[PDB]
>>> print(open('upload35.csv').read())   # CSV, C-alpha atoms and all ligand atoms
chain,number,residue,atom,x,y,z
Z,1,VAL,CA,0.0,0.0,0.0
Z,2,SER,CA,3.0,2.4,0.6
Z,3,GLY,CA,3.2,3.2,-3.2
Z,4,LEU,CA,-0.4,4.3,-3.3
Z,5,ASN,CA,0.0,6.2,0.0
Z,6,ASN,CA,2.9,7.9,-1.8
Z,7,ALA,CA,1.0,8.7,-5.1
Z,8,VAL,CA,-2.1,9.8,-3.1
Z,9,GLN,CA,-0.1,12.2,-0.9
Z,10,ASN,CA,1.6,13.7,-4.0
Z,11,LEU,CA,-1.7,14.6,-5.6
Z,12,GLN,CA,-2.9,16.3,-2.4
Z,13,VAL,CA,0.2,18.4,-2.3
Z,14,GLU,CA,-0.5,18.9,-6.0
Z,15,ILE,CA,-4.1,20.1,-5.8
Z,16,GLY,CA,-2.9,22.0,-2.8
Z,17,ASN,CA,-5.0,24.5,-0.8
Z,18,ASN,CA,-6.2,28.1,-1.1
Z,19,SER,CA,-2.7,29.2,-0.7
Z,20,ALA,CA,-0.8,26.6,-2.8
Z,21,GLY,CA,-0.9,24.2,-5.7
Z,22,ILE,CA,-3.5,24.2,-8.4
Z,23,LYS,CA,-6.2,25.3,-5.9
Z,24,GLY,CA,-4.0,28.3,-4.9
Z,25,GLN,CA,-3.4,29.4,-8.5
Z,26,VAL,CA,-7.1,29.3,-9.4
Z,27,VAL,CA,-8.1,31.2,-6.2
Z,28,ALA,CA,-5.8,34.0,-7.3
Z,29,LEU,CA,-7.2,33.9,-10.8
Z,30,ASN,CA,-10.8,34.4,-9.5
Z,31,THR,CA,-9.7,37.1,-7.1
Z,32,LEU,CA,-8.2,39.1,-10.0
Z,33,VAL,CA,-11.1,38.5,-12.3
Z,34,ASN,CA,-13.8,39.5,-9.8
Z,35,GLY,CA,-12.0,42.0,-7.6
Z,36,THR,CA,-11.6,42.9,-3.9
Z,37,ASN,CA,-13.4,46.1,-3.8
Z,38,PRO,CA,-15.7,47.2,-6.7
Z,39,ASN,CA,-15.7,50.9,-5.7
Z,40,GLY,CA,-11.9,50.5,-5.5
Z,41,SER,CA,-9.3,52.6,-7.1
Z,42,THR,CA,-7.1,49.9,-8.8
Z,43,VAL,CA,-7.7,47.5,-11.6
Z,44,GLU,CA,-6.9,44.6,-9.2
Z,45,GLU,CA,-9.3,46.0,-6.6
Z,46,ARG,CA,-12.2,46.4,-9.1
Z,47,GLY,CA,-11.4,43.1,-10.8
Z,48,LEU,CA,-10.6,42.6,-14.5
Z,49,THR,CA,-14.3,42.3,-15.5
Z,50,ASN,CA,-15.4,45.5,-13.8
Z,51,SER,CA,-12.4,47.4,-15.1
Z,52,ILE,CA,-13.1,46.3,-18.8
Z,53,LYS,CA,-16.8,47.2,-18.4
Z,54,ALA,CA,-15.8,50.7,-17.0
Z,55,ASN,CA,-13.3,51.5,-19.7
Z,56,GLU,CA,-16.1,50.5,-22.1
Z,57,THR,CA,-18.6,53.1,-20.9
Z,58,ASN,CA,-15.9,55.7,-20.6
Z,59,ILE,CA,-14.8,55.2,-24.1
Z,60,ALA,CA,-18.4,55.4,-25.3
Z,61,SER,CA,-18.8,58.7,-23.4
Z,62,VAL,CA,-15.7,60.4,-24.7
Z,63,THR,CA,-16.8,59.4,-28.1
Z,64,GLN,CA,-20.2,61.2,-27.7
Z,65,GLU,CA,-18.5,64.4,-26.7
Z,66,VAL,CA,-16.1,64.0,-29.6
Z,67,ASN,CA,-19.0,63.6,-32.0
Z,68,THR,CA,-20.7,66.7,-30.6
Z,69,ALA,CA,-17.5,68.8,-30.7
Z,70,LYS,CA,-16.8,67.8,-34.3
Z,71,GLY,CA,-20.2,69.2,-35.2
Z,72,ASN,CA,-19.6,72.4,-33.3
Z,73,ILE,CA,-16.3,72.9,-35.1
Z,74,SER,CA,-18.0,72.3,-38.5
Z,75,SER,CA,-20.4,75.1,-37.8
Z,76,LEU,CA,-17.5,77.2,-36.6
Z,77,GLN,CA,-15.6,76.7,-39.8
Z,78,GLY,CA,-18.6,77.8,-41.8
Z,79,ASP,CA,-19.2,80.9,-39.6
Z,80,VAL,CA,-15.5,81.9,-40.1
Z,81,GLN,CA,-15.7,81.2,-43.8
Z,82,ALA,CA,-18.7,83.5,-44.0
Z,83,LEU,CA,-17.0,86.3,-42.1
Z,84,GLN,CA,-13.8,85.9,-44.3
Z,85,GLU,CA,-15.9,86.1,-47.5
Z,86,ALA,CA,-17.8,89.1,-46.3
Z,87,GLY,CA,-15.4,91.7,-47.6
Z,88,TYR,CA,-15.4,94.0,-44.7
Z,89,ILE,CA,-13.3,97.1,-44.8
Z,90,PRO,CA,-10.6,98.1,-42.3
Z,91,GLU,CA,-10.3,101.4,-40.5
Z,92,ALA,CA,-9.5,104.5,-42.5
Z,93,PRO,CA,-6.3,106.5,-41.6
Z,94,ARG,CA,-6.4,108.4,-38.3
Z,95,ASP,CA,-4.7,111.7,-39.4
Z,96,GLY,CA,-7.3,114.5,-38.8
Z,97,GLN,CA,-8.6,114.1,-42.3
Z,98,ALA,CA,-12.0,113.0,-43.7
Z,99,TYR,CA,-12.1,110.0,-46.1
Z,100,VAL,CA,-14.6,108.5,-48.4
Z,101,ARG,CA,-14.8,105.1,-50.2
Z,102,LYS,CA,-13.5,104.6,-53.8
Z,103,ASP,CA,-12.1,101.5,-55.6
Z,104,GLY,CA,-10.8,99.6,-52.6
Z,105,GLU,CA,-8.8,102.6,-51.3
Z,106,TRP,CA,-9.8,105.3,-48.8
Z,107,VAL,CA,-9.6,108.8,-50.5
Z,108,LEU,CA,-9.5,112.3,-49.0
Z,109,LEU,CA,-12.9,113.9,-49.1
Z,110,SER,CA,-11.1,117.3,-49.8
Z,111,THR,CA,-10.1,115.9,-53.2
Z,112,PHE,CA,-13.8,116.4,-54.3
Z,113,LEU,CA,-14.7,119.2,-51.9
L,1,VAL,CA,-7.6,-0.2,1.8
L,2,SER,CA,-10.6,1.8,3.1
L,3,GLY,CA,-8.3,4.8,4.0
L,4,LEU,CA,-7.0,5.1,0.5
L,5,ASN,CA,-10.5,4.5,-0.9
L,6,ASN,CA,-11.4,7.5,1.3
L,7,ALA,CA,-8.6,9.8,0.3
L,8,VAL,CA,-9.1,8.9,-3.4
L,9,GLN,CA,-12.7,9.7,-3.3
L,10,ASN,CA,-12.0,13.0,-1.6
L,11,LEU,CA,-9.7,14.1,-4.4
L,12,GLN,CA,-12.3,13.2,-7.0
L,13,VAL,CA,-14.9,15.3,-5.4
L,14,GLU,CA,-12.1,17.9,-5.1
L,15,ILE,CA,-11.0,18.0,-8.8
L,16,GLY,CA,-14.8,17.8,-9.4
L,17,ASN,CA,-16.4,18.1,-12.8
L,18,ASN,CA,-17.3,20.8,-15.4
L,19,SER,CA,-19.9,22.0,-12.9
L,20,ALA,CA,-18.1,21.7,-9.6
L,21,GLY,CA,-14.7,21.6,-7.9
L,22,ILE,CA,-11.5,22.9,-9.4
L,23,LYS,CA,-12.5,21.7,-12.8
L,24,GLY,CA,-15.7,23.7,-12.5
L,25,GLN,CA,-13.9,26.9,-11.4
L,26,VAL,CA,-11.4,26.7,-14.3
L,27,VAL,CA,-14.2,26.0,-16.9
L,28,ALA,CA,-15.9,29.2,-15.8
L,29,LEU,CA,-12.6,31.1,-16.0
L,30,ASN,CA,-12.1,30.0,-19.6
L,31,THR,CA,-15.6,30.8,-20.5
L,32,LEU,CA,-15.3,34.3,-19.3
L,33,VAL,CA,-11.9,34.8,-20.9
L,34,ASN,CA,-12.9,33.5,-24.4
L,35,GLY,CA,-16.5,34.4,-24.5
L,36,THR,CA,-19.9,32.8,-25.6
L,37,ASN,CA,-20.7,34.9,-28.6
L,38,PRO,CA,-18.0,37.1,-30.1
L,39,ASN,CA,-20.5,39.3,-32.0
L,40,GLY,CA,-22.3,39.5,-28.7
L,41,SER,CA,-23.4,42.6,-26.9
L,42,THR,CA,-21.9,42.1,-23.4
L,43,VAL,CA,-18.4,41.8,-22.0
L,44,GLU,CA,-19.1,38.3,-20.8
L,45,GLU,CA,-20.5,37.3,-24.2
L,46,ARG,CA,-17.5,38.6,-26.1
L,47,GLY,CA,-15.0,37.3,-23.5
L,48,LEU,CA,-12.5,39.4,-21.6
L,49,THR,CA,-9.8,39.1,-24.3
L,50,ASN,CA,-12.1,40.3,-27.2
L,51,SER,CA,-13.5,43.1,-25.0
L,52,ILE,CA,-9.9,44.4,-24.2
L,53,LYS,CA,-8.9,44.2,-27.8
L,54,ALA,CA,-12.1,46.2,-28.8
L,55,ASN,CA,-11.7,49.0,-26.2
L,56,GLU,CA,-8.1,49.1,-27.6
L,57,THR,CA,-9.0,49.9,-31.2
L,58,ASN,CA,-11.8,52.2,-30.1
L,59,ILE,CA,-9.5,54.3,-27.9
L,60,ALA,CA,-7.1,54.4,-30.8
L,61,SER,CA,-9.9,55.7,-33.0
L,62,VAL,CA,-11.2,58.4,-30.8
L,63,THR,CA,-7.6,59.5,-30.4
L,64,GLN,CA,-7.2,60.1,-34.1
L,65,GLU,CA,-10.3,62.2,-34.3
L,66,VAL,CA,-9.2,64.1,-31.3
L,67,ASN,CA,-5.8,64.8,-32.9
L,68,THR,CA,-7.5,66.0,-36.1
L,69,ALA,CA,-10.0,68.2,-34.3
L,70,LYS,CA,-7.3,69.8,-32.2
L,71,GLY,CA,-5.6,70.8,-35.5
L,72,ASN,CA,-8.9,72.2,-36.9
L,73,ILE,CA,-9.4,74.3,-33.8
L,74,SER,CA,-5.8,75.7,-34.0
L,75,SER,CA,-6.5,76.9,-37.5
L,76,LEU,CA,-9.8,78.3,-36.2
L,77,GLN,CA,-8.1,80.3,-33.5
L,78,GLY,CA,-5.7,81.8,-36.0
L,79,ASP,CA,-8.6,82.6,-38.4
L,80,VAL,CA,-10.5,84.4,-35.6
L,81,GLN,CA,-7.3,86.1,-34.4
L,82,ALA,CA,-6.8,87.5,-37.9
L,83,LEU,CA,-10.4,88.8,-38.2
L,84,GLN,CA,-10.1,90.4,-34.7
L,85,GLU,CA,-6.9,92.1,-35.6
L,86,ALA,CA,-8.3,93.3,-38.9
L,87,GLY,CA,-9.7,96.6,-37.6
L,88,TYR,CA,-13.0,96.5,-39.4
L,89,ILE,CA,-15.4,99.3,-38.9
L,90,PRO,CA,-19.0,98.9,-37.8
L,91,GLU,CA,-22.1,100.4,-39.4
L,92,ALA,CA,-22.6,104.2,-39.4
L,93,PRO,CA,-25.7,105.7,-37.8
L,94,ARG,CA,-29.0,105.2,-39.7
L,95,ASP,CA,-30.6,108.6,-39.3
L,96,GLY,CA,-31.2,109.9,-42.9
L,97,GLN,CA,-27.8,111.5,-42.9
L,98,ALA,CA,-24.6,111.0,-44.9
L,99,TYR,CA,-21.4,110.2,-43.0
L,100,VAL,CA,-17.7,110.0,-43.9
L,101,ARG,CA,-14.7,108.5,-42.1
L,102,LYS,CA,-12.4,110.6,-39.8
L,103,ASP,CA,-10.3,109.6,-36.7
L,104,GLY,CA,-12.2,106.5,-35.6
L,105,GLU,CA,-15.5,108.4,-35.6
L,106,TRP,CA,-18.2,108.7,-38.3
L,107,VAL,CA,-18.7,112.4,-39.2
L,108,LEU,CA,-21.6,114.1,-40.9
L,109,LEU,CA,-20.6,114.9,-44.5
L,110,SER,CA,-22.6,118.1,-44.3
L,111,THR,CA,-19.9,119.4,-41.9
L,112,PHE,CA,-17.6,119.8,-44.9
L,113,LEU,CA,-20.3,120.3,-47.6
M,1,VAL,CA,-5.1,-2.8,-5.1
M,2,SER,CA,-5.6,-2.7,-9.0
M,3,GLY,CA,-8.8,-0.5,-8.6
M,4,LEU,CA,-7.0,2.2,-6.6
M,5,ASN,CA,-4.0,2.0,-9.0
M,6,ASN,CA,-6.6,2.6,-11.6
M,7,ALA,CA,-8.4,5.5,-9.9
M,8,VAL,CA,-5.0,7.1,-8.9
M,9,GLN,CA,-3.7,7.0,-12.4
M,10,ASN,CA,-6.9,8.6,-13.7
M,11,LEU,CA,-6.5,11.6,-11.4
M,12,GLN,CA,-2.9,12.0,-12.5
M,13,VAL,CA,-3.9,12.1,-16.1
M,14,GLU,CA,-6.6,14.5,-14.9
M,15,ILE,CA,-4.6,17.0,-13.0
M,16,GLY,CA,-2.2,16.6,-16.0
M,17,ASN,CA,1.0,18.7,-16.5
M,18,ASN,CA,1.9,22.1,-17.8
M,19,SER,CA,0.8,21.0,-21.2
M,20,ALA,CA,-2.4,19.1,-20.4
M,21,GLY,CA,-5.2,18.6,-18.0
M,22,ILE,CA,-6.3,21.0,-15.3
M,23,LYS,CA,-2.6,22.1,-14.7
M,24,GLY,CA,-2.4,22.9,-18.4
M,25,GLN,CA,-5.5,25.0,-18.6
M,26,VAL,CA,-4.5,27.0,-15.5
M,27,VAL,CA,-1.0,27.6,-16.9
M,28,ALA,CA,-2.5,29.1,-20.0
M,29,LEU,CA,-4.9,31.2,-17.9
M,30,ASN,CA,-1.9,32.7,-16.0
M,31,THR,CA,0.1,33.2,-19.1
M,32,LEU,CA,-2.7,35.3,-20.7
M,33,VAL,CA,-3.4,37.3,-17.6
M,34,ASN,CA,0.2,38.2,-16.9
M,35,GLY,CA,1.7,38.3,-20.4
M,36,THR,CA,4.8,37.2,-22.2
M,37,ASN,CA,6.3,40.5,-23.0
M,38,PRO,CA,5.1,43.6,-21.2
M,39,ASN,CA,6.6,46.0,-23.8
M,40,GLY,CA,5.0,43.8,-26.3
M,41,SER,CA,2.7,44.8,-29.1
M,42,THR,CA,-0.3,42.5,-28.6
M,43,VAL,CA,-2.9,42.1,-25.8
M,44,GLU,CA,-1.7,38.5,-25.3
M,45,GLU,CA,1.9,39.7,-25.1
M,46,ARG,CA,1.2,42.4,-22.5
M,47,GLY,CA,-1.2,40.2,-20.6
M,48,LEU,CA,-4.8,41.0,-19.8
M,49,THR,CA,-4.0,43.0,-16.7
M,50,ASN,CA,-1.4,45.3,-18.4
M,51,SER,CA,-3.7,45.8,-21.4
M,52,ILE,CA,-6.6,46.9,-19.1
M,53,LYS,CA,-4.3,49.3,-17.2
M,54,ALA,CA,-3.0,50.8,-20.4
M,55,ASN,CA,-6.5,51.4,-22.0
M,56,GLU,CA,-7.3,53.0,-18.6
M,57,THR,CA,-4.6,55.7,-18.8
M,58,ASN,CA,-5.1,56.2,-22.4
M,59,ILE,CA,-8.8,56.8,-21.9
M,60,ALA,CA,-8.0,59.2,-19.1
M,61,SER,CA,-5.7,61.1,-21.4
M,62,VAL,CA,-8.0,61.5,-24.4
M,63,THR,CA,-10.5,62.7,-21.9
M,64,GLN,CA,-8.3,65.5,-20.7
M,65,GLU,CA,-7.6,66.7,-24.3
M,66,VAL,CA,-11.3,66.5,-25.0
M,67,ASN,CA,-12.1,68.7,-21.9
M,68,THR,CA,-9.5,71.2,-23.0
M,69,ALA,CA,-10.7,71.3,-26.6
M,70,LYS,CA,-14.3,71.7,-25.5
M,71,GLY,CA,-13.2,74.8,-23.6
M,72,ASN,CA,-11.3,76.2,-26.6
M,73,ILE,CA,-14.3,75.8,-28.8
M,74,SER,CA,-16.5,77.6,-26.3
M,75,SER,CA,-14.3,80.6,-26.4
M,76,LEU,CA,-14.3,80.3,-30.2
M,77,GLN,CA,-18.0,80.4,-30.4
M,78,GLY,CA,-18.1,83.5,-28.3
M,79,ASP,CA,-15.4,85.1,-30.4
M,80,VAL,CA,-17.4,84.4,-33.6
M,81,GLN,CA,-20.6,85.6,-31.9
M,82,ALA,CA,-18.9,88.8,-31.1
M,83,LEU,CA,-17.7,89.3,-34.7
M,84,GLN,CA,-21.1,88.4,-36.1
M,85,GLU,CA,-22.8,91.0,-33.8
M,86,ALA,CA,-20.3,93.6,-34.6
M,87,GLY,CA,-22.2,95.0,-37.6
M,88,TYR,CA,-19.2,95.5,-39.9
M,89,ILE,CA,-19.8,96.9,-43.3
M,90,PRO,CA,-18.7,95.3,-46.6
M,91,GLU,CA,-16.7,96.9,-49.4
M,92,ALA,CA,-18.3,99.7,-51.4
M,93,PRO,CA,-18.8,99.3,-55.2
M,94,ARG,CA,-15.5,99.5,-57.3
M,95,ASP,CA,-16.6,101.6,-60.2
M,96,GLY,CA,-14.4,104.6,-60.3
M,97,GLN,CA,-16.8,106.6,-58.1
M,98,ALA,CA,-16.7,108.0,-54.5
M,99,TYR,CA,-19.2,106.7,-51.9
M,100,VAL,CA,-20.2,107.8,-48.4
M,101,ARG,CA,-22.3,106.0,-45.7
M,102,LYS,CA,-26.1,106.6,-45.4
M,103,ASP,CA,-28.9,104.3,-44.0
M,104,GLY,CA,-27.3,100.9,-44.6
M,105,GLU,CA,-26.5,101.7,-48.2
M,106,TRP,CA,-23.4,103.2,-49.9
M,107,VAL,CA,-24.4,106.5,-51.7
M,108,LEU,CA,-22.5,108.4,-54.4
M,109,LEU,CA,-20.7,111.4,-52.9
M,110,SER,CA,-21.5,113.4,-56.1
M,111,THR,CA,-25.2,113.3,-55.0
M,112,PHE,CA,-24.3,115.9,-52.3
M,113,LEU,CA,-21.2,117.5,-54.1
Z,201,CL,CL,-10.1,47.5,-21.4
Z,202,ZN,ZN,-4.4,104.6,-54.7
Z,203,ZN,ZN,-16.1,112.8,-31.7
Z,204,ZN,ZN,-31.2,102.6,-51.8
>>> encode(input="upload35.csv", output="structure tokens", more="lines below")
Ligand SMILES: [Cl-]
Ligand SMILES: [Zn+2]
Ligand SMILES: [Zn+2]
Ligand SMILES: [Zn+2]
Amino acid sequence: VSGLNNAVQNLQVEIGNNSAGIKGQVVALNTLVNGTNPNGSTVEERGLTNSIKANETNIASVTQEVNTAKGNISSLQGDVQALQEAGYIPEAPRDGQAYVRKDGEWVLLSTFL
Amino acid sequence: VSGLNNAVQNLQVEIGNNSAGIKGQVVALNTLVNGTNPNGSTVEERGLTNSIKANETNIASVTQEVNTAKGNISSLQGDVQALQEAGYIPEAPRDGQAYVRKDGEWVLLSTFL
Amino acid sequence: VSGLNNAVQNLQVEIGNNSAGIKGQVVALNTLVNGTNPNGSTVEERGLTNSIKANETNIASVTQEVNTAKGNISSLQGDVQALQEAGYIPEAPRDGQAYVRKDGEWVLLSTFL
């Protein structure tokens, strides 16, 4: 019987317990997956599963804001395009003289008066 | 032999089957990791691995759009800076009178005519 | 003893080794979780844990840029609102004639001169 007592004992050491052996490695695997504290700070605390689910919703969120902003900037580009194509005129010289508008330039009123 | 029959039976219950024991806990671990349905909605359906890979590419994507938008807004800020520094003039009073441009103000033409 | 030799051998095949059995499935599970090469390209290379932690910081980052850009565009919308509400005037006709400002329109100076 001493051979089977041997072999049997080897398998016990082998399956191990919560702290060692196959049973110890699997306990650690489930601890990591599930997590210690769901409202925890770390990935290990939350567990793999909860961390993946969180990243998921956060990505989804940033994406929504990014779709909204892209739209805002498109309207912004059109607003600026409009102002640029408006053909506004810049201030006339400030030199104590009166000016009027002719062919793109600002001309001295006194040249007609 | 009754002691070894004992010990042996204990290890069987211990390794368990697909539904229980160490074999049951590991089956669940591989189910979660791999997934039930890859084109599935949930993290558990897709499996941990596929979920992490997905978040990965999605992050990468939002990042590209965010780099592109940042550039668009930089050109926008310069376009607005330009329009602000242009020195355009605002509408002259609407009061039935003619005005001309002198030193920042709008002056009545009749003051020269 | 041949029955227990039987049962014992079955459990050995069952716990298996690094390559097969329960011991083989758990070895693979820990390989995937931890990773082969942390500065590796793939999710499997980095390990599940390191991949989740990475996605995490990257999401956090894109989020910061997205908060900053949103602010930039808000100031941009106000800058454009301001320019639009300014009431600037567009270029006067380019036809060899002098013009002055009256009631929204550009009038020929010669109509007073
Ligand atoms: Cl993730
Ligand atoms: Zn000229
Ligand atoms: Zn004045
Ligand atoms: Zn008219």
>>> interface_residues(input="upload35.csv", of="chain M", to="chain Z", cutoff="6 Å", atoms="all atoms listed in the file", output="number ranges by chain")
M: 89-91, 94, 97-100
>>> closest_residue(input="upload35.csv", among="Z:41, Z:57, Z:30, Z:77", to="ligand CL 201 (chain Z)", atoms="all atoms listed in the file")
Z:57
>>> atom_distance(input="upload35.csv", atom1="atom CA of residue 36 of chain L", atom2="atom CA of residue 46 of chain M")
23.4 Å
>>> closest_residue(input="upload35.csv", among="M:6, M:81, M:50, M:34", to="ligand CL 201 (chain Z)", atoms="all atoms listed in the file")
M:50
>>> atom_distance(input="upload35.csv", atom1="atom CA of residue 20 of chain Z", atom2="atom CA of residue 37 of chain Z")
23.2 Å
>>> atom_distance(input="upload35.csv", atom1="atom CA of residue 17 of chain Z", atom2="atom CA of residue 35 of chain M")
24.9 Å
